[PDB]
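Here you'll find one protein chain in two forms, each presented separately as structure tokens under the names structure 1 and structure 2.
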Structure 1
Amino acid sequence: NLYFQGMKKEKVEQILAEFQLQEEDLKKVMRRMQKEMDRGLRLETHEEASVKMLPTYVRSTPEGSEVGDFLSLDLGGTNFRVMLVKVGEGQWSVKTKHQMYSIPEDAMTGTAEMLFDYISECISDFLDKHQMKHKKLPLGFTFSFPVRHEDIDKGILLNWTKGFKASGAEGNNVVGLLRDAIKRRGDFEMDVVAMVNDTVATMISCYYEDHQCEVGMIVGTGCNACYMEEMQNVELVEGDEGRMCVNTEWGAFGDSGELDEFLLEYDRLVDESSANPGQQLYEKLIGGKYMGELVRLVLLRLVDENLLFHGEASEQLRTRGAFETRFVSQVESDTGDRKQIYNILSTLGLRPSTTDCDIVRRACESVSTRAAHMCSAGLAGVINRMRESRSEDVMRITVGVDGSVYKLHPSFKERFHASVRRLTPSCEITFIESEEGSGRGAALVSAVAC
């Protein structure tokens, strides 16, 4: 009964229809986000604002930078990265040496001491591999978490995000935590000259092939953005001349109820089983840490309604984090014959039919399209805000982008761009993907700082 396959697919659609957002739902999200951005920039409203709009102390144009050898660090994912970059006049910057280290779970959710102990050890090993523990290299730290800066080289951790939990770190100076751990070893000795967010590093690295780049966006494990604000609008910092980079931390949009009309059963479940429940709600709609898991929960509801896999879920389907976000990419990469969907599901202990496979594709499409559209309301907000703070009628702007979801998902990018463009009339937006953008961005900022 091919009649009874399509009826299963008609009911799957009534459920999937819940992930739709109309163009006016997006304009509403966009307005409300723009409203939170305003509140985050104001001294009077900053403390209660869910979008924090944090000053980064990376000021518009700089004066002259030093040249030579820098060491970049990158902490934010489930891996920590070290790299040596050569900066030179032309401004230009090149990746010379690189090395990535997997983070022991016990350093993610143990103590700050443990975490930065592990970080320092990696730095010690790296410098050995390349006999470098003697030149006192200037160190740039890309640290992908909300920080309140007093300066380029001094700022405190506001709260962890993305499942990080190391105790004894929130409220403390992050650069100090790094410096202490280095000194605990006898390493040693780096001049830590700059700490930046990954959005910031990505914008800075894209700037040199395109001077129009004044926005940085990350859509990886988490989702965030930064942009060049007018110093007159940054009430938290002294001075009204020139421009400064602002770290939106827009992931926390919705933490005071701003997205409530849009949250689904699946989002509440994802929020409630997370390391930070009630927090980073906008990010949990978009980021790759949460995307596959959201798809998993849709498949469980489809299984419970007798619409999928004969109404039975494998032990693998019922385990946390088992539908990887990469599987969302790989399912939507399928070229029509269902073989990629088949092997993913088969490896998950399921016995899928042709129509099971197609339904799983529809679930992935529903979840990632929503992410793409929710994300576009954020960027459009930022860019509409920037058009309105400036004098020209048409704003010509470049956006620097990194993150595995934007980069590796076969169609996120195209859905995302088209939606941004419907929401940003009178803007001409160029999107560029960064090349080793964190490390190169950190060293470039460091060269000006020292």
Structure 2
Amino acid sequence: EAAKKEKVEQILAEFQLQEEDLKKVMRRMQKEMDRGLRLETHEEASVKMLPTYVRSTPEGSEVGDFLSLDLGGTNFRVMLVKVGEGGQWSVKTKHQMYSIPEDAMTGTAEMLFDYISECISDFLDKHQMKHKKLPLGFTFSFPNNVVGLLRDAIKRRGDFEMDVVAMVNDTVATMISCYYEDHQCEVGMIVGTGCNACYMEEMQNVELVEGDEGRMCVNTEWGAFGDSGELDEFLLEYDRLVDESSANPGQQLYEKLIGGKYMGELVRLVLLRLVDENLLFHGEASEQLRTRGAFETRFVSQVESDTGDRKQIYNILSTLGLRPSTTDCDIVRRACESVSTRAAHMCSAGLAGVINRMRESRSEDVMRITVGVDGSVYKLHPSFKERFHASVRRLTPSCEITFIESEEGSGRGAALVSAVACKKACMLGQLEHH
């Protein structure tokens, strides 16, 4: 009836966050960023603000030739990159795509990397680059760590040497690949399974490094924001439950509000509360619905994609052992919207904090800035992006923000990620042959 509808909305309204609540979160983010950057508070800081050593200017001159290896869904690409400084860097690329033959043995990671190493060997032969002992970086283009696996497989072969360099953080790969397309890109963010951001900070503010001139990318690791109690007043019963059953209770609390790792589980616990109150599924949950992890984050995106006929919603609930009414389906859609909208708003406060801080750190007036973004939630969820953009903009009055997602293009954005990875390894003295 009408009382039931009202009660559902009363429960779902606990998820709402007011502009004033988001301004609070935003200022507290700014305060935690300041703490992670300072030598005296770095150890107690929740938000670690890791120096990435990626500078706004070119470094590692010595590295002018390198390999980039792009791992896709089913294929991989080996690319030879040559940087010329005879300008704004002159880049030649030569490449080859490889598919796995059906007869190849790829049952283990070791087996797959044996195959990959063999293709690298062939490629190095075709281009006469074997004796050069080039550095190599990884990139990913998906629809045990790879650096270690490749290093081990190349050693097993014993016919060539390479320096396989450390990867940059995914937020940093995102910033660099987007920077390739738009030089005003100075923020990288990921809203996927996890959530994090990086940005270009003034060297003088990065106390953990030597030097007061220029800018360096800083990896906030902001998923741990709240870990000193900063978010406690916003935590709901569902958040406390998610935290309790997690691998790390008490930690990554900000990430637990936003990330795809937990978003479906939040909705599951909301649905169980509405069931316990006799407001949903005639007050009976299935065995599947009472199972941790059963409501997948992808179901949240799918529910919110429903055209209005509730057919997609029904089919999800059916597979979870339920026989929903039309009202049940609509309540489930509202529960999803509630959880996902909160994730967008919490995320928006963090990015607003970063952006407003940069404007303050630099200001000559209206700050015009490009933010590069990737991740499954940001890209696949039907309305997260729109809600997130609207909220960030409300919180950043004196800024003009352009959001961008990198495209594959000819693979030159990925080449720049690998150039930076290899030149960073050079500068840090990590190359055993360069």
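Rigid core here is just the name for the largest C-alpha set that superposes within 1.5 Å across the two forms. Each residue is numbered by where it sits in the sequence of structure 1, with counting from 1.
- Following superposition on the rigid core between the two structures, the residue from 269, 237, 112, 322 with a C-alpha displacement of 2 angstroms or more is 112, and no other.
- Superposition of the core reveals a Cα shift of less than 2 Å for residue 342 between the two structures.
- Fitting the two forms on the rigid core leaves the C-alpha of residue 298 displaced by under 2 angstroms between the two structures.
- After superposition on the rigid core, the Cα atom of residue 67 is displaced by 2 Å or more between the two structures.
- Look at residue 248: with the core superposed, its C-alpha moves 0.5 Å between the two structures.
- Here the rigid core is superposed, and residue 78 then shows its C-alpha moved by 15.8 angstrom between the two structures.
- For residue 193, the Cα shift between the two structures is 3.0 Å when the rigid core is held fixed in the overlay.
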